[PDB]
Amino acid sequence: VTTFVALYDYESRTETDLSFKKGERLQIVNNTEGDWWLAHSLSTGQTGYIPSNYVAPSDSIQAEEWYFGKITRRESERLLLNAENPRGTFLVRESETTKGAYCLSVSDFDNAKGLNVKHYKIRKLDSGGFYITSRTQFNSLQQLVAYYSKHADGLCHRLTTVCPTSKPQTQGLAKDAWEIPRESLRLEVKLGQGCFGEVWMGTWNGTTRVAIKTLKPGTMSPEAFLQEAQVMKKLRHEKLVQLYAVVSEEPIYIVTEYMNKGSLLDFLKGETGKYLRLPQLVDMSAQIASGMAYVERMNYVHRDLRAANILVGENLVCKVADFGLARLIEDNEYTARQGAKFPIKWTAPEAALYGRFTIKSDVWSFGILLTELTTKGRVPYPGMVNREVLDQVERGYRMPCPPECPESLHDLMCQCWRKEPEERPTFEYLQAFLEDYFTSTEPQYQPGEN
Ligand SMILES: Nc1ncnc2c1ncn2[C@@H]1O[C@H](COP(=O)(O)OP(=O)(O)O)[C@@H](O)[C@H]1O
Ligand SMILES: [Mg+2]
């Protein structure tokens with residue numbers, strides 16, 4: 001029987017879940033690959049559902065605060081480069097270069113590079129021992145961290161600070177919570193107004209902060225909504241806004257992850273946003289491309305990709321929002337890709353002309369989104385009204401290179417805007433291109449042989 005330990009505090013939301021404190025010991029009914037486990041506390045003896053991502057086996061590597069598992073080099077750098085982190089802030093992760101190996105990622109400063117992250121491979125020997133340098137070996141990652149927490153001994157710096165972890169969202173609000181009562185939601189702060197409804201910050205069952213989108217009655221069939229919502233429910237990625245729950249009865253409420261920095265469009269035309277440098281803008285582009293590459297892998301289609309439907313979190317985290325919904329709009333104009341509410345400036349010609357919405361028409365939309373990113377959120381086709389856009393683009397008009405956009409990114413936009421959808425790049429390629437946009441001759445890792 002496995003004893004689990006709580007990685008974070010969890011506050012009870014229902015009559016059937018179990019509250020616990022970080023460090024609390026728990027046992028479960030079944031080690032399912034589900035999001036919620038039936039548990040009891042070895043501390044309190046209380047019984048209830050717990051979020052499975054809030055625990056790890058006791059004395060597991062996953063139980064360590066500094067162990068971040070399958071995080072990429074890029075995402076580790078995002079966390080480590082936070083300006084609140086002292087020099088020597090660190091985490092350990094799986095290598096993405098070498099199977100079964102690990103990586104020590106440490107925040108450093110030198111006048112040569114300023115704030116930077118050093119990456120050290122931790123080789124695991126087939127014989128079982130761990131090392132960065134073959135001359136200093138350890139029976140465990142715990143002993144390796146304990147050691148370099150005292151002496152740098154070749155490292156850029158001593159391990160001072162465990163990289164802070166933002167407390168993770170649960171997968172779903174509660175076990176089998178999906179179609180929820182309207183009265184379980186409180187709408188607190190109006191965040192904004194779209195063409196088809198409003199979005200509120202609010203609470204589920206009193207205490208869980210969520211975003212709530214309220215659709216005007218007549219917007220979409222509750223029947224069609226629930227069928228699509230079952231597809232949307234299956235989409236799970238770090239760069240997609242989670243769909244939590246629905247109120248199926250009109251007026252339809254859509255409950256999603258609250259993103260505290262708002263839309264990318266407003267962010268770009270804001271205080272932090274309007275002074276962002278190209279490398280920051282390319283990193284945001286690469287995050288959006290990764291979310292859409294997941295959409296692509298899942299054989300799904302966004303249908304409304306634009307800066308307004310990217311939401312921003314801490315550390316310039318960008319997530320894709322409002323995927324799939326556009327198909328369900330009943331409005332006759334919108335359905336005909338016509339009228340004041342249709343985003344013609346983001347729409348591939350074959351989608352606008354024939355209603356052929358595919359991942360390739362989302363690639364077109366991504367190219368337009370790149371113009372928003374490189375012009376601080378300027379409206380595409382600035383000198384044109386919506387009623388004249390499709391005519392121009394079908395005749396082969398394309399936006400020129402924005403004034404502060406490098407030609408290479410404009411060339412990428414032009415590939416996204418190929419007349420033939422099958423000639424447009426994949427999101428897989430767009431993500432690989434944008435992630436490797438800037439080249440360095442710098443060592444990928446710090447060589448272990450010193
Ligand atoms: N999940 C969310 N978290 C936080 N704010 C959100 C979220 N979804 C939407 N918003 C806010 O609500 C506004 C309106 O969204 P929406 O109704 O989808 O309209 P549009 O996509 O046309 O801008 C967004 O600009 C943003 O400010
Ligand atoms: Mg939106």
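When reading the values below, keep in mind they use all heavy atoms of this one structure, side chains included, and skip hydrogens, waters and symmetry mates. Starting from 1, each residue takes its place in the sequence as its number.
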Exercise. Can you list every pair that meets salt bridge (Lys or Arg N to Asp or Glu O under 4.0 Å) and has a residue in residues 99-109, with sequence neighbours left out?
Worked result: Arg87-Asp108, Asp108-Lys118
Exercise. Got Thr214 and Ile252 here, is their nearest side-chain heavy-atom distance under 4.5 Å?
Worked result: no
Exercise. So with a 6.0 Å cut-off around CG of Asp59, is the heavy-atom count from everything else above 12?
Worked result: no
Exercise. Which heavy atom of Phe366 sits nearest a heavy atom of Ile288, and at what distance?
Worked result: CE1-CG2, 3.8 Å
Problem set entry | Aromatic ring proximity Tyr244/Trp178, centre distance under 6.0 Å | no
Exercise. Do the side chain of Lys345 and the main chain of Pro380 share a donor and acceptor less than 3.5 angstrom apart?
Worked result: yes
Problem set entry | With sequence neighbours excluded, residues passing side chain to side chain donor-acceptor pair (under 3.5 Å) with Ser95 | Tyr445
Exercise. Centres of the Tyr334 and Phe342 rings: under 6.0 Å?
Worked result: yes
Exercise. Is there any salt bridge (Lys or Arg N to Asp or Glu O under 4.0 Å) pair reaching into residues 351-364, and which pairs are they, with sequence neighbours excluded?
Worked result: none
Problem set entry | Charged N-O contact under 4.0 Å between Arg73 and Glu96 | no
Exercise. Looking at residues at least two apart in the chain, or sitting in another chain, which of them share a salt bridge (charged side-chain N to carboxylate O under 4.0 Å, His left out) with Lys175?
Worked result: none
For this session: Would you mind checking if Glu238 and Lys70 are paired as a salt bridge, meaning a charged N to carboxylate O distance below 4.0 Å?
Result: no
For this session: Mark yes when over 12 heavy atoms from residues, nucleotides or ligands other than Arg209 sit less than 6.0 Å from its CZ; otherwise mark no.
Result: no
Exercise. Just wondering, more than 12 heavy atoms not from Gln193 lying within 6.0 Å of its CD?
Worked result: yes
For this session: Establish, for the pair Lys341 and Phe196, whether the NZ or CZ atom is under 6.0 angstrom from the six-membered ring centre and no further than 45 degrees off its axis.
Result: yes
For this session: Give every residue pair that meets the salt bridge (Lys or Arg N to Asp or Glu O under 4.0 Å) criterion with at least one member in residues 293-305, sequence neighbours excluded.
Result: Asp304-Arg306
Seminar exercise, completed: residues 140-154 vs salt bridge (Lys or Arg N to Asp or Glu O under 4.0 Å), sequence neighbours excluded, gives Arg135-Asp153
Exercise. So, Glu77 and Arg74, do they make that salt bridge, N to O below 4.0 Å?
Worked result: no
For this session: Look at the aromatic rings of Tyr300 and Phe323 and report parallel, tilted or perpendicular, splitting at 30° and 60°.
Result: perpendicular
For this session: Please test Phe90 against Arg158 for side chain to side chain contact (heavy atoms under 4.5 Å, CB included), starting from the C-alpha separation and ending with a verdict.
Result: CA-CA 9 Å; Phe90 75 97; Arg158 181 179 67 76; over 6 Å; no
For this session: May I ask you to check whether over 12 heavy atoms, not counting those of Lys274, lie within 6.0 Å of atom NZ?
Result: yes
Problem set entry | Salt bridge flag under 4.0 Å for residues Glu257 and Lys213 | no
Exercise. Relative to each other, are the rings of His410 and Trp417 parallel, tilted or perpendicular (30° and 60° limits)?
Worked result: perpendicular
Exercise. How about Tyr8 and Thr165: do any of their side-chain heavy atoms sit closer than 4.5 Å?
Worked result: yes
Exercise. Salt bridge or not for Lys167 and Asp9, using N-O below 4.0 Å?
Worked result: no
Exercise. Looking only at atom types and distance, does a side-chain atom of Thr89 sit under 3.5 Å from a main-chain N or O of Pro86, one as donor and one as acceptor?
Worked result: yes
Problem set entry | Plane angle bin for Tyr381 and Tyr397 - parallel if under 30°, tilted between 30 and 60°, otherwise perpendicular | tilted
